[PDB]
Amino acid sequence: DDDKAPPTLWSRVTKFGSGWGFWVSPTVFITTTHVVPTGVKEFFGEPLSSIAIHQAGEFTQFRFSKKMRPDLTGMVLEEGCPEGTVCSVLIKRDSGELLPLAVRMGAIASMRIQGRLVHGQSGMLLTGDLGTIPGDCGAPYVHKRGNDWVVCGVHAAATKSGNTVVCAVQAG
């Protein structure tokens, strides 16, 4: 250790707009809506007409026609995790530092953050700055199930202390 997740899993975390996104598979990319660049004609060199985009409650998913990360296997994307589960936020910093932050997740709810409707899950950063920062949005919340890693949300918000975090999750 001490970075928990394997290099391939870290390599899914991708600088994007004013934050990050996550390659769930070679064709599917997820991120938090407010970090997505606007007024552009393409993402990762691909025209919009070759990308199926779904956005809701601060969760954004891109499905590319073209395989963009064929080095990856497909992962399960779940709608949040069970409450009470200790999950990890896979944070990359601009310096290159990797920071897997442990969080205990609570209830999935509709919240109103800074005027944006967030469909997501609150969680508590666990006692061990220590926490997330404004440039961290889009980092994935993950956990391991059997032998496989699963992703369940993307970083969207945190309270002023930083002790409470929220990930946006995909609606079913």
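Counting neighbours? That spans all protein chains shown, and the Cβs are built from the backbone with ideal geometry, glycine included. A short reminder: the numbers here are calculations on the coordinates, not readings from a lab.
General remarks:
- A cut-off under 11 angstrom between Cβ atoms defines the neighbours of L48, and their net charge, with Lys, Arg +1 and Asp, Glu -1, is -1.
- Pairwise centroid distance, computed over Cα atoms, of region 95-172 with region 46-80, Å: 19 Å
- Per-residue ellipticity at 222 nm computed for the chain from its helices equals -500 deg cm²/dmol, with DSSP H segments shorter than 4 residues left out and the rest contributing -39,500 (n - 2.57).
- The number of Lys pairs in the chain with C-alpha atoms less than 26 Å apart, excluding pairs fewer than 8 positions apart on the same chain, is 16.
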